[PDB]
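Written out below as C-alpha cells is the structure these notes cover.
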Amino acid sequence: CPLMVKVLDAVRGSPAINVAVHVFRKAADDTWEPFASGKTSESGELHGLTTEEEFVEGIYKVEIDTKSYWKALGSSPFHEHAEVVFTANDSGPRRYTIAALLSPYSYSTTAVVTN
Amino acid sequence: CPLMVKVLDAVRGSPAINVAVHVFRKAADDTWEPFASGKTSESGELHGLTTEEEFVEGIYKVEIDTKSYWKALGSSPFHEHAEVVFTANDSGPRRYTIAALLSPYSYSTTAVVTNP
Amino acid sequence: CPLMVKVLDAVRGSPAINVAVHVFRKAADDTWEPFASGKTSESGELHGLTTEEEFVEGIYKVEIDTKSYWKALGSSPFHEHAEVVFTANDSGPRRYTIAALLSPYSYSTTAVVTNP
Amino acid sequence: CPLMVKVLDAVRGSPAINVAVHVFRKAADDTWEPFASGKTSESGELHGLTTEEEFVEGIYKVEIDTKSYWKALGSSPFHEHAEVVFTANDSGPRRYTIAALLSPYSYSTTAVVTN
Ligand SMILES: O=C(O)c1cc(-c2ccc(F)cc2F)ccc1O
Ligand SMILES: O=C(O)c1cc(-c2ccc(F)cc2F)ccc1O
C-alpha cells in the first residue's frame with residue numbers, strides 16, 4: 001500500500017468517517033485524470049487506493065470532500081473541499097500517508113513518508 | 001479590502017515573505033478562470049488583490065505557491081502548493097482573510113470571515 | 001509592545017474574543033511566578049501585557065484559557081488550556097507574537113519573533 | 001491501552017523518533033505528580049504508558065520534550081517543550097490518543113478519543 005489517507009475531526013476528536021476521497025494524476029496536457037477513490041473507514045482511514053505498479057512518479061491531487069462531511073453533522077463549513085497536491089518521487093521512502101485534520105473553517109494536512 | 005492572504009513560516013517563526021499567490025474563480029462553463037494574483041510583503045501579507053465591486057459571488061480558489069517559497073530558501077518541500085477553495089459572498093459581501101502556516105511537509109489554513 | 005497574543009476560532013472563522021490569558025515566568029527557585037494577564041479583545045488580540053523594561057530574559061509560560069472559552073459558548077472541549085512555554089530575550093530584546101488557532105479537541109500555536 | 005501518544009515531525013514528514021514524553025497527574029494540592037513516561041518508537045508512538053486500573057478520572061498533563069528533539073537534528077527550536085493538559089472522564093469513549101505535530105516554531109495537538 002503505497003498511498004494511504006487518514007482524516008480526523010477536530011471538533012469531535014474522532015476519526016472522520018465515511019468521507020469521500022478522490023485521487024487524481026496530472027496528465028501530460030495538464031488536466032487532472034481520475035486515479036483512485038473511496039470513503040474513509042470507521043478509523044478515518046482509506047487503504048488500498050493503488051498498487052506499487054500503478055503508482056508511478058508524477059504529480060497527484062488528493063481531494064477530500066469535507067463540505068458534505070460537515071453538512072451531514074450539522075456544521076456550516078467554509079471550504080468546498082480540502083486539496084492536497086504533491087509529487088510522488090521514487091528516491092524517497094515511498095510509503096505515503098496523507099493526513100488531514102478538519103475543522104469547519106480550517107484544515108491542516110501533513111505527509112508522513114516512510115519505509 | 002475584501003480578500004486578504006497572510007502567510008507565516010513555522011520553521012523560522014517569521015512572516016513568509018515574497019510568496020506568490022494566484023486566485024481563480026469558477027466560470028459558468030465550470031473551469032478555473034484567473035481572477036487575481038500577487039506576492040506577500042515583508043509582513044507576510046497580501047492586500048489589494050481585488051475590489052468589492054469585482055469580488056462577486058462565486059467559488060474561488062486561492063493557490064499559495066509554497067514549493068517555490070521553500071525552494072528559494074533551499075528546502076525540499078512535499079507539496080506543490082497549498083490550495084484553499086470556498087464559496088464567497090453568497091449571503092452578500094463579506095471580508096475574507098485566508099491565513100496559512102507553512103512547514104516543509106505540512107501546512108494549515110484558516111479563514112477569518114467578517115462583516116455582513 | 002514586546003509580547004502579544006492572538007487567538008482565532010476555527011469553528012466560527014472569527015477572532016476568539018474574551019479569552020483569558022495568564023503569563024508566568026520561572027523564578028530562581030524554579031516555580032512559576034505570575035507575570036502578567038489579560039483577555040483578548042473583539043479582534044482576538046491581547047496587547048499591553050508587559051513593557052520592554054519588565055520583560056527581561058527568562059523562561060515564560062503563556063496559558064490560554066480555552067476550556068472557559070468553549071464552555072461560555074456552550075461547547076464541551078477536551079483541553080484545560082493551551083500552554084506555550086519558551087525562553088525569551090536570551091539574545092537581547094525581541095518582540096514575540098504568540099498565535100493560537102482553537103477547535104474543541106485540537107489547537108495549534110505558533111510564534112512570530114522579530115527585531116534584534 | 002487507555003492512553004497513547006503519537007508524535008510527528010512536520011519538517012521531515014516523518015515520525016518523531018526517540019522523543020521523551022512525561023505524563024503527570026494533578027494531585028489534590030494542585031502539584032503535578034509523575035504518572036508515566038517513555039520515549040517514542042520508530043513509528044513516533046508511545047504505547048503502554050498506563051493501564052485501565054491506574055488511569056482514573058482526573059486532570060493529566062503530557063509533556064513532550066521537543067527542545068532536545070530539535071537540537072539533536074540541528075534545528076533551533078522555540079519551545080521548551082509541548083504541553084497537553086486535559087481531564088480524563090469515564091463517560092466518553094475512553095481510548096485516548098494524544099497526537100502532536102511538531103515544527104521548530106509551532107506545534108499542533110489533537111485528541112482522538114474512541115472505543
Ligand atoms: O495537519 C495534520 O495533518 C496533523 C496530523 C496529525 C496526526 C495525528 C495523528 C496521526 F496518526 C497522524 C497525523 F497526521 C496531528 C496534527 C496535525 O496538525
Ligand atoms: O492553519 C492556519 O491557518 C494557522 C493560522 C495561524 C494564524 C496565526 C496568526 C494569524 F494572524 C492568523 C493565523 F491564521 C496560526 C496557526 C495555524 O495553523
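Excluded from the calculations below are hydrogen atoms, water molecules and symmetry mates; all remaining heavy atoms, backbone and side chain alike, are included. Both counts, for ligands and for their atoms, begin at 1 and track the order of listing. In the text below, chain A, chain B and the rest are named by the order of the sequence lines, each starting its count at 1.
With salt bridges taken as basic N to acidic carboxylate O contacts below 4.0 Å, one links D/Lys61 and D/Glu63.
For the side-chain hydrogen bond (donor to acceptor under 3.5 Å, both in side chains) test, residues two or more places apart in sequence or in another chain that qualify with B/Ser41 are B/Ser43.
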Apply side chain to side chain contact (heavy atoms under 4.5 Å, CB included) to C/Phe55 and C/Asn89, showing your working. CA-CA 8 Å; C/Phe55 192 38; C/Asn89 307 305; 3.5 Å; yes
Before giving the answer on side chain to side chain contact (heavy atoms under 4.5 Å, CB included), spell out for B/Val85 and B/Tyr60 the whole-Å C-alpha distance, their side-chain angles and the decisive distance to 0.1 Å. CA-CA 6 Å; B/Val85 179; B/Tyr60 291 83; over 6 Å; no
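Between D/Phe24 and D/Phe35, the gap from one ring centroid to the other reaches at least 6.0 Å.
One N or O on the side chain of C/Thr40 and one on the backbone of C/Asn18 form a donor-acceptor pair closer than 3.5 Å.
Listed by chain and number, A/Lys6, A/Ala99, A/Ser108, A/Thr109, A/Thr110, D/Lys6, D/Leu8, D/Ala99, D/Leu101, D/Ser108 each place a non-hydrogen atom less than 4.0 angstrom from ligand 1.
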